[PDB]
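Asker: This structure is in structure tokens; I'll ask about it shortly.
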Amino acid sequence: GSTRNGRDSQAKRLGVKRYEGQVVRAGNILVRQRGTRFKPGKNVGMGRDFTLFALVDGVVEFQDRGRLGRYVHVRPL
Amino acid sequence: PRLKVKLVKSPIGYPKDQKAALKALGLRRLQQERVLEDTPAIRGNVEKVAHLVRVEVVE
Amino acid sequence: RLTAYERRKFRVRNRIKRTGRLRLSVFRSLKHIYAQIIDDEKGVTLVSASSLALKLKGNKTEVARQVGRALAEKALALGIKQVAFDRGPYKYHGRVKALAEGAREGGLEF
Amino acid sequence: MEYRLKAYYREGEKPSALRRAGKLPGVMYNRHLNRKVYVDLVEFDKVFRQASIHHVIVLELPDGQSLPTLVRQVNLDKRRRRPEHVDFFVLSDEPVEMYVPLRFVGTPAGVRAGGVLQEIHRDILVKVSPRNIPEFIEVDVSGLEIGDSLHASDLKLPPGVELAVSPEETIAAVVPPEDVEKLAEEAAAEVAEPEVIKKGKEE
Amino acid sequence: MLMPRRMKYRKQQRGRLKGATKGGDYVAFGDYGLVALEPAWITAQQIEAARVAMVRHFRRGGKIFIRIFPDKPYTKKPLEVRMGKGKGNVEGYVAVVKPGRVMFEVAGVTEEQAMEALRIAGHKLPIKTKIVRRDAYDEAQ
RNA sequence: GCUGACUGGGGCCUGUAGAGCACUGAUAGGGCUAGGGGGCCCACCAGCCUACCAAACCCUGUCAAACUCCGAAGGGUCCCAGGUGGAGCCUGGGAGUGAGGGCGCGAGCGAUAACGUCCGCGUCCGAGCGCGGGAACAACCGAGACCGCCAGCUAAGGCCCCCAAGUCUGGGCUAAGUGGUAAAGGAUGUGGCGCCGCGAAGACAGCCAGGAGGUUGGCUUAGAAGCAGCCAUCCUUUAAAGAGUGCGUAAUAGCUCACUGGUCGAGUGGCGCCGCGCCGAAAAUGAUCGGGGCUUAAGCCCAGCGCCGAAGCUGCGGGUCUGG
RNA sequence: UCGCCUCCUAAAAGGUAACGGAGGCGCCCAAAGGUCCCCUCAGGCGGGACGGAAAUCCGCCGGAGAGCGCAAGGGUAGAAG
RNA sequence: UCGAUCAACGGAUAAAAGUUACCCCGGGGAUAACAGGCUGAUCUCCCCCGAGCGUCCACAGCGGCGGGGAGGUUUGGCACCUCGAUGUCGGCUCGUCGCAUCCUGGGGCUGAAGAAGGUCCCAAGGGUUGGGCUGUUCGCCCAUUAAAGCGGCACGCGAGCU
RNA sequence: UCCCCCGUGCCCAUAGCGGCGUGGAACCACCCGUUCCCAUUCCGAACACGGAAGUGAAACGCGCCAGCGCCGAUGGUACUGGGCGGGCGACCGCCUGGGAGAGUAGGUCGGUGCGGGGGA
Ligand SMILES: C[C@H]1O[C@H](O[C@H]2CC[C@H](n3ccc(NC(=O)c4ccc(NC(=O)[C@@](C)(N)CO)cc4)nc3=O)O[C@@H]2C)[C@H](O)[C@@H](O)[C@@H]1N(C)C
Ligand SMILES: NC(=[NH2+])NCCC[C@H](N)C(=O)O
Ligand SMILES: [Mg+2]
Ligand SMILES: [Mg+2]
Ligand SMILES: [Mg+2]
Ligand SMILES: [Mg+2]
Ligand SMILES: [Mg+2]
Ligand SMILES: [Mg+2]
Ligand SMILES: [Mg+2]
Ligand SMILES: [Mg+2]
Ligand SMILES: [Mg+2]
Ligand SMILES: [Mg+2]
Ligand SMILES: [Mg+2]
Ligand SMILES: [Mg+2]
Ligand SMILES: [Mg+2]
Ligand SMILES: [Mg+2]
Ligand SMILES: [Mg+2]
Ligand SMILES: [Mg+2]
Ligand SMILES: [Mg+2]
Ligand SMILES: [Mg+2]
Ligand SMILES: [Mg+2]
Ligand SMILES: [Mg+2]
Ligand SMILES: [Mg+2]
Ligand SMILES: [Mg+2]
Ligand SMILES: [Mg+2]
Ligand SMILES: [Mg+2]
Ligand SMILES: [Mg+2]
Ligand SMILES: [Mg+2]
Ligand SMILES: [Mg+2]
Ligand SMILES: [Mg+2]
Ligand SMILES: [Mg+2]
Ligand SMILES: [Mg+2]
Ligand SMILES: [Mg+2]
Ligand SMILES: [Mg+2]
Ligand SMILES: [Mg+2]
Ligand SMILES: [Mg+2]
Ligand SMILES: [Mg+2]
Ligand SMILES: [Mg+2]
Ligand SMILES: [Mg+2]
Ligand SMILES: [Mg+2]
Ligand SMILES: [Mg+2]
Ligand SMILES: [Mg+2]
Ligand SMILES: [Mg+2]
Ligand SMILES: [Mg+2]
Ligand SMILES: [Mg+2]
Ligand SMILES: [Mg+2]
Ligand SMILES: [Mg+2]
Ligand SMILES: [Mg+2]
Ligand SMILES: [Mg+2]
Ligand SMILES: [Mg+2]
Ligand SMILES: [Mg+2]
Ligand SMILES: [Mg+2]
Ligand SMILES: [Mg+2]
Ligand SMILES: [Mg+2]
Ligand SMILES: [Mg+2]
Ligand SMILES: [Mg+2]
Ligand SMILES: [Mg+2]
Ligand SMILES: [Mg+2]
Ligand SMILES: [Mg+2]
Ligand SMILES: [Mg+2]
Ligand SMILES: [Mg+2]
Ligand SMILES: [Mg+2]
Ligand SMILES: [Mg+2]
Ligand SMILES: [Mg+2]
Ligand SMILES: [Mg+2]
Ligand SMILES: [Mg+2]
Ligand SMILES: [Mg+2]
Ligand SMILES: [Mg+2]
Ligand SMILES: [Mg+2]
Ligand SMILES: [Mg+2]
Ligand SMILES: [Mg+2]
Ligand SMILES: [Mg+2]
Ligand SMILES: [Mg+2]
Ligand SMILES: [Mg+2]
Ligand SMILES: [Mg+2]
Ligand SMILES: [Mg+2]
Ligand SMILES: [Mg+2]
Ligand SMILES: [Mg+2]
Ligand SMILES: [Mg+2]
Ligand SMILES: [Mg+2]
Ligand SMILES: [Mg+2]
Ligand SMILES: [Mg+2]
Ligand SMILES: [Mg+2]
Ligand SMILES: [Mg+2]
Ligand SMILES: [Mg+2]
Ligand SMILES: [Mg+2]
Ligand SMILES: [Mg+2]
Ligand SMILES: [Mg+2]
Ligand SMILES: [Mg+2]
Ligand SMILES: [Mg+2]
Ligand SMILES: [Mg+2]
Ligand SMILES: [Mg+2]
Ligand SMILES: [Mg+2]
Ligand SMILES: [Mg+2]
Ligand SMILES: [Mg+2]
Ligand SMILES: [Mg+2]
Ligand SMILES: [Mg+2]
Ligand SMILES: [Mg+2]
Ligand SMILES: [Mg+2]
Ligand SMILES: [Mg+2]
Ligand SMILES: [Mg+2]
Ligand SMILES: [Mg+2]
Ligand SMILES: [Mg+2]
Ligand SMILES: [Mg+2]
Ligand SMILES: [Mg+2]
Ligand SMILES: [Mg+2]
Ligand SMILES: [Mg+2]
Ligand SMILES: [Mg+2]
Ligand SMILES: [Mg+2]
Ligand SMILES: [Mg+2]
Ligand SMILES: [Mg+2]
Ligand SMILES: [Mg+2]
Ligand SMILES: [Mg+2]
Ligand SMILES: [Mg+2]
Ligand SMILES: [Mg+2]
Ligand SMILES: [Mg+2]
Ligand SMILES: [Mg+2]
Ligand SMILES: [Mg+2]
Ligand SMILES: [Mg+2]
Ligand SMILES: [Mg+2]
Ligand SMILES: [Mg+2]
Ligand SMILES: [Mg+2]
Ligand SMILES: [Mg+2]
Ligand SMILES: [Mg+2]
Ligand SMILES: [Mg+2]
Ligand SMILES: [Mg+2]
Ligand SMILES: [Mg+2]
Ligand SMILES: [Mg+2]
Ligand SMILES: [Mg+2]
Ligand SMILES: [Mg+2]
Ligand SMILES: [Mg+2]
Ligand SMILES: [Mg+2]
Ligand SMILES: [Mg+2]
Ligand SMILES: [Mg+2]
Ligand SMILES: [Mg+2]
Ligand SMILES: [Mg+2]
Ligand SMILES: [Mg+2]
Ligand SMILES: [Mg+2]
Ligand SMILES: [Mg+2]
Ligand SMILES: [Mg+2]
Ligand SMILES: [Mg+2]
Ligand SMILES: [Mg+2]
Ligand SMILES: [Mg+2]
Ligand SMILES: [Mg+2]
Ligand SMILES: [Mg+2]
Ligand SMILES: [Mg+2]
Ligand SMILES: [Mg+2]
Ligand SMILES: [Mg+2]
Ligand SMILES: [Mg+2]
Ligand SMILES: [Mg+2]
Ligand SMILES: [Mg+2]
Ligand SMILES: [Mg+2]
Ligand SMILES: [Mg+2]
Ligand SMILES: [Mg+2]
Ligand SMILES: [Mg+2]
Ligand SMILES: [Mg+2]
Ligand SMILES: [Mg+2]
Ligand SMILES: [Mg+2]
Ligand SMILES: [Mg+2]
Ligand SMILES: [Mg+2]
Ligand SMILES: [Mg+2]
Ligand SMILES: [Mg+2]
Ligand SMILES: [Mg+2]
Ligand SMILES: [Mg+2]
Ligand SMILES: [Mg+2]
Ligand SMILES: [Mg+2]
Ligand SMILES: [Mg+2]
Ligand SMILES: [Mg+2]
Ligand SMILES: [Mg+2]
Ligand SMILES: [Mg+2]
Ligand SMILES: [Mg+2]
Ligand SMILES: [Mg+2]
Ligand SMILES: [Mg+2]
Ligand SMILES: [Mg+2]
Ligand SMILES: [Mg+2]
Ligand SMILES: [Mg+2]
Ligand SMILES: [Mg+2]
Ligand SMILES: [Mg+2]
């Protein structure tokens, strides 16, 4: 007897790192994802790894535009 | 209005959080009565332990 | 099911808006060419310019400039200087092009 | 046909006791009204076994009403195999869709040969006028052989009744019997062990 | 006896048998049926046992419907072995069955022929059974 | 120096339970219908029928940790507010711990085994082997022991005697010491609630008789005469009477059922749900529910009053630490 | 068996064990990078020399089931093809 | 910027495999072999269902495919007290208990004529031989018998022997 | 402040597939040419320039029909945070708050912002 599986990868801490109505600064992360489960709304960018990050010192906000996807914004102050 | 809360069962054996409620209210002993204002917050924990507490509406 | 006309229209424009600047939209008909400057965050238009509403003649190209020069003329008055140029489903060429050439003369910056 | 049954309203009462009070919670509901009722589970049972979702049932409401309706749905205690709720459909003088029964008359040829009649559908869905509700729909099944089948197309519809399904639907069939002779051979049946869907570079 | 023909995954876990039947509590085809009053992993060996029992009480005739299918792989270690060293090998498949589910139906046959055969088919089950008739409750479903 | 656990409101993140089949695969039966197996008919190349193995597709019905068109209760975090607690933030010194275990719920592994094992939330023992209950027992129920009293109230659990308090009150159930250890299953155990028939157009028990001819009937065979499988339910005399319920037989027969004539004169034969009980029930020093012993209970279910019952609460006195 | 990646177990935030169930990496691309412009797939039905169940052309239907160098996942045509 | 299967991949050395029944020491019941314990897969015995056999006739004797339990004598699982020791097979001696009874006793059914058998039930009082082979338990065999039973007591019993 | 059209945004199918009908003054599109800017891995189909004879057949716009798709209550059930019970077990129940999915009755051939051209 013996096994041939027993291997795995280190969980990557995926998910959202700042929620709607939550106060962030320029450069913080807003979503950690694989693919574009969310999209860069306003004042928000996205990096080579679909990582969303604020672009100004604002206030987070989400938006479900149906077929168009779920976007995360940053309305300033 | 105000609420008079009496601790009638022992929290010994219920989760840490409920023991915190009895702290929030101020109940640190059995039979201990403690009269409190009737806000929603207070009225919140007070309900979290009503399986341990006997409540009564006063003044 | 979209049409190559529909698609080409979106990608050229969804990209534009990402710069958040005012958008110069251009429409090109068989007879006339129109142009309205838009603010896609307030969902409202400002200054309009079109051959049709300008009683303009035949040379579609030379027209485009006059609608171009005109559009810039009425714009700057409203303190509109910089702007983004939407070529829509139309390649930057001739009528569509020549128009922008005029607007750039009128004052608009792009 | 057309039966009857007392129905009483409810509201703040709680379905837990009711069905222990001997009463079956229910609702009346069309495009115009919508009220919560309840019935002596026993009384209504003696009706539904005869009526089902097929025959008309007017509720003798305590307010004085007496509305014609049909049953659109009956929810059952899956565990205890028993009803726990019913929906009476305020049947108005408008055209409606309902299940009309079927009685398969004639002894199919297959039966005489040893086959069986798989009465697939036992009622048919149809649009109709409640005034124009038939009692049932004959169908000849004498000329059926193993394993001939029959459809909604082969139905011969009375007046005012109009199918609410695609005639390509099937509604009966004669199939072979359970035969011991098939057993012994079935015993020595060799079934190659299940194949597992390959994965990764093995496709 | 029953079992799939092709599978995505060789080994399922064990899940659980909590709750009433998710579905299959109501006569769908045949005239009478056999219902489950308590849960279990019913093995295709078992199923085939019921089946054959009824088909033979019908001698020739009748029609039997099997509304449960063993799609769960039942695994077990070798013999006398220790714990660990991978998961056990498959030794037959079972059919999860929860209360109120109609495991078998029958048609084309008398009443004191389906009643009996079902009673016999019920003694080949590791659980308790309840012989049922087709109710309009069924038909309204 | 009020920011803390816990709580109230609000906004955002999620994809489990449950369920569903629209994607991925599994799935029994039928329908429709490329593709072969096999029968006629053919080598002239095309035709035809299929209770034959069956692709795709639709229908009824299901299944899935690695399926999801759906999708909770909860959980998480941000803002405002309550919260003054051996709460929290920050800097710094000193540690010990890095062998955990039982229980409960969610899983995997295991055999839907283990006082088994491996994770998750919690709890307790660890360190509460201090106290009450549980016969006795670290972790189940109760309850967080500063000290003293020959004072009071309670929790779990209990009130016939050991053994503190009821041989308390009302209704019902149990005859098996069930209570006081176990399953499929089996049974005219007992009680309560329902359902279909049959019955004074005289039932069931018994009594009384009849129960009859084609017909020792046919596919049918080596016995197959109503009662060893089928593709079978036809006439006669009739008051009625299956070409047959069963018992019976090697096969004849007899026995009685369904069947009507007579006899009495009111109920009876068969189903299903619940309650409590019976069998099923065989292990090794001596037996037992903890013991005695208990039967309209001292047992089980439902409803009430009162008391006994801890190191918990109070009451009086005292100590120390911290705060005011 | 030993590090890294993907899915599950994981109990709807993150994280979470076991010699639990399934598969992969130890490369690769000078374009398979950047930018501008243009284009939209598999699949089903009918149509056509050689020519086929699938070579390519024409037509209708086809929100994505194709494709994205490689395991799996999420993502994706309003592009990342 | 290069030299890493330092892959045992947070990577002892620049550089390294075996054996010990000649063995030793420090520790562990944190960890196996004995036994006990919890479990009861396997093991032993008992049953539900009643297809089919038995000229006829399911049940005298049997019981396909499946189902549910008891017991704790087997093989194992876990690894709970014991590794500052709980000495482990068989025999001899000496017992004693269980009863799923080998014998004697009392019964039902019997395909019980009788005699003699078969199969369940009640019963644990007494009994249950001598030998040949082997360390052997066990099993085979010879001669017998009313019969030559199975098992528990740390696979009873080494401060009782061997 | 009303109706028709060209543009351009929003909600993200109650807005789509499909069947029918209707619109050409204006605008829009097919249209007439391929000289010229520009262009097809061949094709002026596409993109693009100059035109203005004709047609609203195709596409687009505006309207009716519920065959498909989409949307979809109410009532009840499953499940469940917290608090109690039952069984040796697989498991089963009560109380308080939350409360689906499928299905039923039904709804839907879109609504609205801004700026242009015309109309009354
Ligand atoms: C002779 C030598 O004796 C002495 O050394 C011996 C002392 C003993 C030791 N040993 C021996 C055996 C063993 N286990 C198994 O064989 C085993 C067997 C079955 C299973 N079964 C399962 O798991 C199942 C049931 N689940 C099914 O799968 C698991 C394990 N483990 C050991 O440690 O071996 C040493 C070398 C002397 O000191 C030496 O001089 C001498 N020679 C070296 C000169
Ligand atoms: N509020 C709740 N979380 N209730 C849980 C009830 C669970 C219980 N086993 C039941 O089936 O009823
Ligand atoms: Mg291996
Ligand atoms: Mg693993
Ligand atoms: Mg691991
Ligand atoms: Mg991991
Ligand atoms: Mg992972
Ligand atoms: Mg997130
Ligand atoms: Mg970038
Ligand atoms: Mg990149
Ligand atoms: Mg918002
Ligand atoms: Mg914003
Ligand atoms: Mg307590
Ligand atoms: Mg407690
Ligand atoms: Mg909480
Ligand atoms: Mg206290
Ligand atoms: Mg109280
Ligand atoms: Mg807007
Ligand atoms: Mg009717
Ligand atoms: Mg009923
Ligand atoms: Mg499941
Ligand atoms: Mg099983
Ligand atoms: Mg296993
Ligand atoms: Mg393993
Ligand atoms: Mg098996
Ligand atoms: Mg099931
Ligand atoms: Mg059974
Ligand atoms: Mg359904
Ligand atoms: Mg404060
Ligand atoms: Mg805070
Ligand atoms: Mg806080
Ligand atoms: Mg918290
Ligand atoms: Mg909160
Ligand atoms: Mg599930
Ligand atoms: Mg599916
Ligand atoms: Mg369906
Ligand atoms: Mg499932
Ligand atoms: Mg999952
Ligand atoms: Mg799932
Ligand atoms: Mg929905
Ligand atoms: Mg929520
Ligand atoms: Mg505050
Ligand atoms: Mg302080
Ligand atoms: Mg502290
Ligand atoms: Mg602290
Ligand atoms: Mg420190
Ligand atoms: Mg360590
Ligand atoms: Mg440890
Ligand atoms: Mg240590
Ligand atoms: Mg550790
Ligand atoms: Mg641990
Ligand atoms: Mg442990
Ligand atoms: Mg213990
Ligand atoms: Mg536990
Ligand atoms: Mg519980
Ligand atoms: Mg549980
Ligand atoms: Mg568990
Ligand atoms: Mg798991
Ligand atoms: Mg298993
Ligand atoms: Mg356990
Ligand atoms: Mg351990
Ligand atoms: Mg551990
Ligand atoms: Mg310690
Ligand atoms: Mg304690
Ligand atoms: Mg403690
Ligand atoms: Mg204790
Ligand atoms: Mg002590
Ligand atoms: Mg002590
Ligand atoms: Mg104690
Ligand atoms: Mg004690
Ligand atoms: Mg005591
Ligand atoms: Mg306390
Ligand atoms: Mg008192
Ligand atoms: Mg007592
Ligand atoms: Mg005493
Ligand atoms: Mg009394
Ligand atoms: Mg009484
Ligand atoms: Mg007895
Ligand atoms: Mg007893
Ligand atoms: Mg029973
Ligand atoms: Mg029983
Ligand atoms: Mg009985
Ligand atoms: Mg009698
Ligand atoms: Mg005959
Ligand atoms: Mg018994
Ligand atoms: Mg004894
Ligand atoms: Mg005290
Ligand atoms: Mg004092
Ligand atoms: Mg102090
Ligand atoms: Mg996760
Ligand atoms: Mg979680
Ligand atoms: Mg973190
Ligand atoms: Mg390993
Ligand atoms: Mg590998
Ligand atoms: Mg690439
Ligand atoms: Mg060809
Ligand atoms: Mg793809
Ligand atoms: Mg690959
Ligand atoms: Mg997905
Ligand atoms: Mg080197
Ligand atoms: Mg490797
Ligand atoms: Mg290492
Ligand atoms: Mg090394
Ligand atoms: Mg690392
Ligand atoms: Mg080195
Ligand atoms: Mg080395
Ligand atoms: Mg040696
Ligand atoms: Mg040697
Ligand atoms: Mg030697
Ligand atoms: Mg020496
Ligand atoms: Mg030597
Ligand atoms: Mg030496
Ligand atoms: Mg050694
Ligand atoms: Mg030593
Ligand atoms: Mg260790
Ligand atoms: Mg230890
Ligand atoms: Mg060891
Ligand atoms: Mg050992
Ligand atoms: Mg051994
Ligand atoms: Mg020993
Ligand atoms: Mg051992
Ligand atoms: Mg012992
Ligand atoms: Mg010991
Ligand atoms: Mg034990
Ligand atoms: Mg046992
Ligand atoms: Mg038994
Ligand atoms: Mg025979
Ligand atoms: Mg016989
Ligand atoms: Mg028997
Ligand atoms: Mg057998
Ligand atoms: Mg078993
Ligand atoms: Mg053992
Ligand atoms: Mg140990
Ligand atoms: Mg020792
Ligand atoms: Mg030792
Ligand atoms: Mg010693
Ligand atoms: Mg010692
Ligand atoms: Mg005996
Ligand atoms: Mg005897
Ligand atoms: Mg005898
Ligand atoms: Mg004889
Ligand atoms: Mg004889
Ligand atoms: Mg004799
Ligand atoms: Mg005898
Ligand atoms: Mg004896
Ligand atoms: Mg003896
Ligand atoms: Mg001897
Ligand atoms: Mg000798
Ligand atoms: Mg031997
Ligand atoms: Mg031999
Ligand atoms: Mg003799
Ligand atoms: Mg004898
Ligand atoms: Mg042993
Ligand atoms: Mg041994
Ligand atoms: Mg020994
Ligand atoms: Mg010895
Ligand atoms: Mg010695
Ligand atoms: Mg010895
Ligand atoms: Mg027209
Ligand atoms: Mg039109
Ligand atoms: Mg005209
Ligand atoms: Mg020229
Ligand atoms: Mg052209
Ligand atoms: Mg064009
Ligand atoms: Mg022209
Ligand atoms: Mg048209
Ligand atoms: Mg167009
Ligand atoms: Mg429009
Ligand atoms: Mg309409
Ligand atoms: Mg719905
Ligand atoms: Mg609702
Ligand atoms: Mg709960
Ligand atoms: Mg319990
Ligand atoms: Mg429940
Ligand atoms: Mg509620
Ligand atoms: Mg719904
Ligand atoms: Mg529509
Ligand atoms: Mg206007």
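Letters A, B, ... mark the chains of the structure tokens in the order given; residue numbers begin at 1 per chain; ligand numbers begin at 1, in order shown.
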Could you list, as an MDAnalysis selection string, every residue of chain G that has an atom within 10 Å of an atom of chain D, counting only C-alpha atoms (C1' of nucleotides)?

Answerer: chainID G and resid 22:24 70:72

Asker: Selected residues, N, CA, C and O atoms (P, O5', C5', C4', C3', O3' and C1' of nucleotides), written as a PDB file, in the first residue's frame, please.

Answerer:
ATOM      1  P     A G  22      -8.078   8.642  -5.293  1.00  0.00           P
ATOM      2  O5'   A G  22      -8.124   9.722  -6.464  1.00  0.00           O
ATOM      3  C5'   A G  22      -7.769  11.073  -6.212  1.00  0.00           C
ATOM      4  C4'   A G  22      -8.174  11.986  -7.342  1.00  0.00           C
ATOM      5  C3'   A G  22      -7.139  12.182  -8.440  1.00  0.00           C
ATOM      6  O3'   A G  22      -7.145  11.155  -9.418  1.00  0.00           O
ATOM      7  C1'   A G  22      -7.885  14.286  -7.711  1.00  0.00           C
ATOM      8  P     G G  23      -5.883  10.976 -10.396  1.00  0.00           P
ATOM      9  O5'   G G  23      -5.491  12.471 -10.782  1.00  0.00           O
ATOM     10  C5'   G G  23      -4.283  12.763 -11.471  1.00  0.00           C
ATOM     11  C4'   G G  23      -4.281  14.181 -11.984  1.00  0.00           C
ATOM     12  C3'   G G  23      -2.947  14.718 -12.477  1.00  0.00           C
ATOM     13  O3'   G G  23      -2.627  14.304 -13.792  1.00  0.00           O
ATOM     14  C1'   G G  23      -3.950  16.308 -11.056  1.00  0.00           C
ATOM     15  P     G G  24      -1.128  14.483 -14.341  1.00  0.00           P
ATOM     16  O5'   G G  24      -0.857  16.048 -14.215  1.00  0.00           O
ATOM     17  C5'   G G  24       0.451  16.573 -14.382  1.00  0.00           C
ATOM     18  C4'   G G  24       0.494  18.058 -14.128  1.00  0.00           C
ATOM     19  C3'   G G  24       1.886  18.662 -14.014  1.00  0.00           C
ATOM     20  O3'   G G  24       2.482  18.928 -15.269  1.00  0.00           O
ATOM     21  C1'   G G  24       0.585  19.388 -12.196  1.00  0.00           C
ATOM     22  P     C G  70      -2.565  25.539 -23.601  1.00  0.00           P
ATOM     23  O5'   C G  70      -1.633  24.633 -22.682  1.00  0.00           O
ATOM     24  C5'   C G  70      -1.040  23.446 -23.188  1.00  0.00           C
ATOM     25  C4'   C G  70      -0.254  22.732 -22.119  1.00  0.00           C
ATOM     26  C3'   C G  70      -0.935  22.631 -20.763  1.00  0.00           C
ATOM     27  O3'   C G  70      -1.843  21.545 -20.703  1.00  0.00           O
ATOM     28  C1'   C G  70       1.308  23.357 -20.485  1.00  0.00           C
ATOM     29  P     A G  71      -3.047  21.540 -19.640  1.00  0.00           P
ATOM     30  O5'   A G  71      -2.369  21.031 -18.292  1.00  0.00           O
ATOM     31  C5'   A G  71      -2.454  19.669 -17.901  1.00  0.00           C
ATOM     32  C4'   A G  71      -2.740  19.545 -16.425  1.00  0.00           C
ATOM     33  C3'   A G  71      -3.992  20.255 -15.934  1.00  0.00           C
ATOM     34  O3'   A G  71      -5.155  19.462 -16.113  1.00  0.00           O
ATOM     35  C1'   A G  71      -2.160  20.733 -14.490  1.00  0.00           C
ATOM     36  P     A G  72      -6.528  20.109 -16.641  1.00  0.00           P
ATOM     37  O5'   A G  72      -7.108  20.876 -15.373  1.00  0.00           O
ATOM     38  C5'   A G  72      -7.540  20.166 -14.222  1.00  0.00           C
ATOM     39  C4'   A G  72      -7.672  21.083 -13.035  1.00  0.00           C
ATOM     40  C3'   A G  72      -8.552  22.307 -13.246  1.00  0.00           C
ATOM     41  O3'   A G  72      -9.933  22.038 -13.078  1.00  0.00           O
ATOM     42  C1'   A G  72      -6.498  22.991 -12.333  1.00  0.00           C
TER      43        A G  72
END

Asker: At a cut-off of 12 Å and counting only C-alpha atoms (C1' of nucleotides) and all ligand atoms, what residues surround ligand 121? Please answer as a list in words.

Answerer: residues 32, 33, 34, 35, 36, 37, 38, 76, 77, 78, 79, 80 and 154 of chain H

Asker: Find the residues of chain C in contact range of chain G, meaning any atom within 10 Å when counting only C-alpha atoms (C1' of nucleotides), and list them as a compact mmCIF listing (two decimals) with N, CA, C and O atoms, in the first residue's frame.

Answerer:
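part17.txt, written as the output of this step:
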# COMPACT_ATOMS: atom_id res chain seq x y z
N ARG C 1 -26.18 39.03 -29.61
CA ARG C 1 -25.29 39.06 -30.76
C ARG C 1 -25.04 40.51 -31.18
O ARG C 1 -25.97 41.21 -31.58
N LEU C 2 -23.80 40.95 -31.07
CA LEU C 2 -23.43 42.31 -31.44
C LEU C 2 -22.91 42.35 -32.88
O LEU C 2 -22.65 41.32 -33.51
N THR C 3 -22.77 43.57 -33.40
CA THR C 3 -22.27 43.80 -34.74
C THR C 3 -20.92 44.50 -34.66
O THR C 3 -20.70 45.35 -33.79
N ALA C 4 -20.01 44.13 -35.56
CA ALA C 4 -18.68 44.72 -35.61
C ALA C 4 -18.77 46.23 -35.47
O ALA C 4 -17.87 46.87 -34.92
N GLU C 6 -21.19 47.71 -33.64
CA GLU C 6 -21.45 47.90 -32.21
C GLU C 6 -20.18 47.74 -31.39
O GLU C 6 -19.85 48.60 -30.56
N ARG C 7 -19.44 46.65 -31.60
CA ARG C 7 -18.22 46.39 -30.85
C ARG C 7 -17.23 47.53 -30.98
O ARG C 7 -17.02 48.29 -30.02
N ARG C 8 -16.60 47.66 -32.15
CA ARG C 8 -15.66 48.73 -32.45
C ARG C 8 -16.07 50.05 -31.79
O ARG C 8 -15.21 50.82 -31.35
N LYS C 9 -17.37 50.30 -31.72
CA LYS C 9 -17.87 51.50 -31.05
C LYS C 9 -17.55 51.46 -29.56
O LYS C 9 -17.05 52.44 -28.99
N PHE C 10 -17.84 50.33 -28.90
CA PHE C 10 -17.63 50.24 -27.46
C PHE C 10 -16.15 50.39 -27.10
O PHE C 10 -15.77 51.31 -26.37
N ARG C 11 -15.31 49.48 -27.60
CA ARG C 11 -13.92 49.45 -27.16
C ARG C 11 -13.24 50.80 -27.36
O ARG C 11 -12.49 51.26 -26.49
N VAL C 12 -13.49 51.46 -28.49
CA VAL C 12 -12.88 52.77 -28.72
C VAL C 12 -13.32 53.76 -27.64
O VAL C 12 -12.55 54.66 -27.27
N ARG C 13 -14.54 53.61 -27.12
CA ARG C 13 -15.13 54.55 -26.18
C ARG C 13 -14.94 54.15 -24.72
O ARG C 13 -14.59 55.00 -23.90
N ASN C 14 -15.18 52.88 -24.37
CA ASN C 14 -14.89 52.45 -23.00
C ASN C 14 -13.46 52.80 -22.60
O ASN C 14 -13.20 53.13 -21.44
N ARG C 15 -12.53 52.73 -23.55
CA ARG C 15 -11.17 53.16 -23.28
C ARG C 15 -11.11 54.66 -23.01
O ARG C 15 -10.44 55.11 -22.07
N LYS C 91 -12.83 55.53 -38.39
CA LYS C 91 -11.39 55.72 -38.28
C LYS C 91 -11.04 57.19 -38.43
O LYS C 91 -11.70 57.94 -39.16

Asker: For ligand 162, return the neighbouring residues as a list in words (distance at most 10 Å; only C-alpha atoms (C1' of nucleotides) and all ligand atoms).

Answerer: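 Listing the residues within 10 Å of ligand 162 gives residues 35, 36 and 50 of chain I.
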
Asker: At a cut-off of 8 Å and counting only C-alpha atoms (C1' of nucleotides) and all ligand atoms, what residues surround ligand 72? Please answer as a PyMOL selection string.

Answerer: (chain B and resi 10-12+28-30) or (chain F and resi 143-144)
